[PDB]
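As structure tokens, the next two blocks hold two forms of the same chain, structure 1 and structure 2.
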Structure 1
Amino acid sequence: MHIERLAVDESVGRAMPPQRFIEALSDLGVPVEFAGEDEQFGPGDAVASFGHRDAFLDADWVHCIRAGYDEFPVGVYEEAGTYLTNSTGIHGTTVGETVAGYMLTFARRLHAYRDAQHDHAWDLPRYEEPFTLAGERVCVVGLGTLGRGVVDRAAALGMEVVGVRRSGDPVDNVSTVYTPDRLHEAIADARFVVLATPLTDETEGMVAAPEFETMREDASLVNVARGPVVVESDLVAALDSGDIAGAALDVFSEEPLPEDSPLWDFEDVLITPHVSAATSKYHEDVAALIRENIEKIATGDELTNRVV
């Protein structure tokens, strides 16, 4: 396979400035050009796109600019001899910093301070409220690249780190890995429980009223996975009842989070709008994978993040 051209599908606009992404791909070796919705693709063509189009199967190579290609018919890709790659594995830094910020927010009480700032109010916290992350336990549920991002920053801040993954196999910076059938054991002693798994059949609704009952009443839940990993009504009830102290939520069962949701009005909930992975450099991070795989097509090495 010899790559003549790189096409930037207009669908990348849903995650970044297409113009800025073309700039970041301008040192590739190959013409890069903004593709319309009316484009045929010959051999020699690489497409970079957000979502799927059927026209792409006449190209040599498609790179999905997302981690997730549930938009993309994997069988039909195999059929055409069209290579498919994705952008899995570049979100550990943004997401792990978001999560460390959530945790430091709760520990140091930044969110209450910000509420007070609205009201020009010098309100001192109660003695019992401020704590430090150093020595506290975090449980990270899911230990692929997202969770490892959380783990590394939690360990950097001196946290005791445990987690949950399917294999039960050790992971750098995690003291104890549990299998998913010991979820309750893993979360029982954690100050924070962080959700960082893909949404599957197996993970949908895994965090519900019984998990909130096992969790410590001073503990907080972080969701940076998908909304339906959590049973959202049970979260509301667990918050109302004091089964857990609070939550930081980046994802929800319906997004945008409807205005009438009770989740907005808990003091110890942080709502963020599906931005835990937002970065002003997303274009450079995707462009670096594109570049890596161009240089890999030219030496004959296999592609990073190959689906089919």
Structure 2
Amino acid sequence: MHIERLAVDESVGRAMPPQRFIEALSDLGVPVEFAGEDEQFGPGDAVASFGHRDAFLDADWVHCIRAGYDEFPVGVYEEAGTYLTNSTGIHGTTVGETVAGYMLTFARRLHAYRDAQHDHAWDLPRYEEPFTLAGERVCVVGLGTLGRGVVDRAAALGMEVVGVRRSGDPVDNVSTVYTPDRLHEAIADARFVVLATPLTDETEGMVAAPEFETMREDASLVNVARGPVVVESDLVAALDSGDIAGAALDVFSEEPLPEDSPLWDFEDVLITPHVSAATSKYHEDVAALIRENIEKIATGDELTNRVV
């Protein structure tokens, strides 16, 4: 690989202003150019993009500007001989902070107060409603960049932390790590269950009616992974039946979440519009990954975040 050009697909617009991103890449040593839906690639092309296009298969290298690459046909890239990288490793602080925010919102009742603020109502909680995260248990399912960002902040707040990962191996600040076949043991005693796994064959529909049964009735689910990791209809049923207490949800089976979803109306559900990782500096964070991999290519070393 000898890269002569970085093309920036217009789909990066879904996550950030393209112009800001192009300006963040200006002294790379190769030209950085905007590319639209209908363009052609070839030897020496690198491409930064949000979604997949078949035209990218003519390029040497595609960088997906998301951590999740579940919408990329990974097998076709391998067969085409086209390198594919992702943006894992940059979302730990933003997502960890958002999730700390969700848990504190539930513990301190901030969402109920915000509801009351609209009515100008000085509504006091029941004595038993407010609690402290200190001493409460969180189970973090997926212990990568997102999961660890959550873990570190939960641990800092004095929470008891357990979690689940594919390898079952120790993780700093996690008292007990479980393999995925022991999910029900992991979630059983947790006040919060946080989902931070990629969407894969194995994780799709992982959290469904049996898991909501196992969960504490006073527990909340947090999904910052992908919508289809949860069976959304089972989630609705569990919330209506009281199998769990509530949820903070950033990702959904259909996005935007349809207006007629029952999820919008549960008091103890927080809906956020796939923004748990949002940051005014996203363009710089992704640009740094692109720069790193340019140097890797130039010096003939293995790419950071290589999917295939």
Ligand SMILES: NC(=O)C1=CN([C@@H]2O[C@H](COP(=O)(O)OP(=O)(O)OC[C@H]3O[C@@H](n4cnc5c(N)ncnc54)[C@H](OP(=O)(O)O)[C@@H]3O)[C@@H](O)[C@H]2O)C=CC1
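For residue numbers, the reference is structure 1: its sequence is counted from 1. So that the term is clear: the rigid core is the largest set of C-alpha atoms that superpose within 1.5 Å between two forms.
The form deposited without the named molecule is represented by structure 1; structure 2 is the other form. Hinge annotation between the two structures, restricted to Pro180, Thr132, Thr279, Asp152, points to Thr279 (rigid-part boundary).
Of the two rigid parts of this chain, the smaller turns against the larger by 16 degrees between the two structures, per C-alpha superposition. Overlaying the rigid core between the two structures leaves the Cα of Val30 displaced by 6.5 angstrom. CA movement of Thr88 between the two structures equals 1.5 Å, with the two forms superposed on the rigid core. Core-based alignment between the two structures gives a C-alpha movement of 8.2 Å at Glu79.
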